[PDB]
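A.B. asks: Following this message is one structure expressed as structure tokens.
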Amino acid sequence: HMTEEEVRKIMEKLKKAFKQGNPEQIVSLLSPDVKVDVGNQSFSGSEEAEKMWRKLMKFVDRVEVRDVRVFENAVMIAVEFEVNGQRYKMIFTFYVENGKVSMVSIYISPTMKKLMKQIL
Amino acid sequence: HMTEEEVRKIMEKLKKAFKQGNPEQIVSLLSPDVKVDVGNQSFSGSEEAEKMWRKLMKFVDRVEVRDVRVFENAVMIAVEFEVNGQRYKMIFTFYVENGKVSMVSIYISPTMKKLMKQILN
Ligand SMILES: [Cl-]
Ligand SMILES: [Cl-]
């Protein structure tokens, strides 16, 4: 259980990590047993989460935080990604437990899934 | 891509099915290829989703909606379930595509983890 102010803190740090593009910042906010579900792929590790993040960031030329909201212990972040001149929209949901993200839920538009399945 | 007004209609239908009892409304909102992620388990297809949903709702003796919120194509519902005298907080995130729910993400309390394991297994 975390206070409203507690969740807002991680939110601002998650927001700063996305915009500035520092991957180490993102990873430090994840719990060691963080569960990441995105599309058909699922990841159990925190170190595995970092691997998939960097594997995505190596194709992304431009990151842009569109909007950020906080619902209970969830932090939602709308992100636009530019890959090969093309823009894509992703939705991230970070569920926080004890000051760190315990679960990450990412929505992927059908056209994005193609790219993820292509540029894999 | 769906308009803000189109996502709100689904939200109200979702909100209504929670403020009321029947899960028969939520299954009608599900896409045939819907993906439900609860705990470490994932459920694919409306058939498996309607099964998992029904089994869970049969364990719940009381439902209270704490809050509802819309964010892009995502519908968030904060709920309190009561199973065997004990009460648990949960969050439902419904991702909408073309008027139906393509993906459902369910967060549960750590204290509900063992209990959720018994129901689904
Ligand atoms: Cl997109
Ligand atoms: Cl907008």
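As a convention, Cβ positions derive from the backbone with ideal geometry for all residues, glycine included, and neighbour counts pool all protein chains shown. Taken together, the values in this text are just the output of simple stated rules run on the coordinates, not laboratory data.
A.B. asks: Yes or no: A:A17 touching a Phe, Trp or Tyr at 6+ places or on another chain (Cβ under 9 Å) and among the hydrophobic types (A, V, I, L, M, F, W, C)?
C.D. replies: no
A.B. asks: Just to be sure I understand the filter: pairs with C-beta atoms under 9 Å, separated by 6 or more residues or on different chains, first member in region A:52-72 and more than 17 Å from A:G85 (Cα to Cα), second member within 16 Å of ligand 1 (Cβ to nearest atom) and not in a strand (DSSP E or B). Which pairs pass?
C.D. replies: That search, which allows pairs on different chains as well, returns A:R66/B:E72; A:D67/B:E72.
A.B. asks: Any chance region A:61-69 includes a residue that's surrounded by 12 or more Cβ atoms within 10 Å (Cβ to Cβ), under 23 Å from B:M90 (Cβ atoms) and within 10 Å of chain B (Cβ to nearest Cβ)?
C.D. replies: yes
A.B. asks: Scan region A:19-54 for residues that are within 14 Å of chain B (Cβ to nearest Cβ) and either under 23 Å from B:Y95 (Cα atoms) or polar (S, T, N, Q) (or both) and report the count.
C.D. replies: Summing the residues that are within 14 Å of chain B (Cβ to nearest Cβ) and either under 23 Å from B:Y95 (Cα atoms) or polar (S, T, N, Q) (or both) in region A:19-54 gives 12.
A.B. asks: Kindly establish whether A:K89 is charged (D, E, K, R) and within 16 Å of ligand 2 (Cβ to nearest atom).
C.D. replies: Yes: the conditions hold for A:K89.
A.B. asks: Related question: Go through region B:1-11 residue by residue and tally those that are assigned to a helix (DSSP H, G or I) and either crowded, with 18+ Cβ neighbours inside 10 Å or touching a strand residue (DSSP E or B) at 6+ places or on another chain (Cβ under 9 Å) (or both).
C.D. replies: Going through region B:1-11 one residue at a time, the tally reaches 6.
A.B. asks: Here are the criteria: (1) closer than 15 Å to B:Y107 by Cβ; (2) within 16 Å of ligand 2 (Cβ to nearest atom); (3) free of Cβ contacts under 8 Å to residues at least 12 places away in the same chain. Tell me which single one A:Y107 does not satisfy.
C.D. replies: Unmet for A:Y107, out of (1) closer than 15 Å to B:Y107 by Cβ; (2) within 16 Å of ligand 2 (Cβ to nearest atom); (3) free of Cβ contacts under 8 Å to residues at least 12 places away in the same chain: (3).
A.B. asks: Taking into account only those residues within region A:75-84 that are within 14 Å of ligand 1 (Cβ to nearest atom) and either more than 10 Å from chain B (Cβ to nearest Cβ) or in contact (Cβ under 8 Å) with a residue 60 or more places away in the chain (or both), which is surrounded by the fewest Cβ atoms within 10 Å (Cβ to Cβ)?
C.D. replies: A:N84
A.B. asks: So, one more: Within region A:108-120, track down each residue that is surrounded by 16 or more Cβ atoms within 10 Å (Cβ to Cβ) and more than 10 Å from ligand 1 (Cβ to nearest atom).
C.D. replies: Selection gives A:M116 alone.
A.B. asks: Looking at region A:103-112, which of its residues are within 11 Å of another protein chain (Cβ to nearest Cβ) and more than 12 Å from the chain's Cα centre (by Cα)?
C.D. replies: Within region A:103-112, A:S109, A:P110, A:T111 meet the criteria.
A.B. asks: Would you mention how many residues in region A:85-95 are more than 16 Å from ligand 1 (Cβ to nearest atom) and at the interface with another protein chain (Cβ under 10 Å from one of its Cβ atoms)?
C.D. replies: 2
A.B. asks: Looking only at region A:33-49, which residues are under 26 Å from B:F71 (Cβ atoms), surrounded by 14 or more Cβ atoms within 10 Å (Cβ to Cβ) and away from ligand 1 (no atom under 16 Å from the Cβ)?
C.D. replies: A:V34, A:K35, A:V36, A:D37, A:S42, A:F43, A:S46, A:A49
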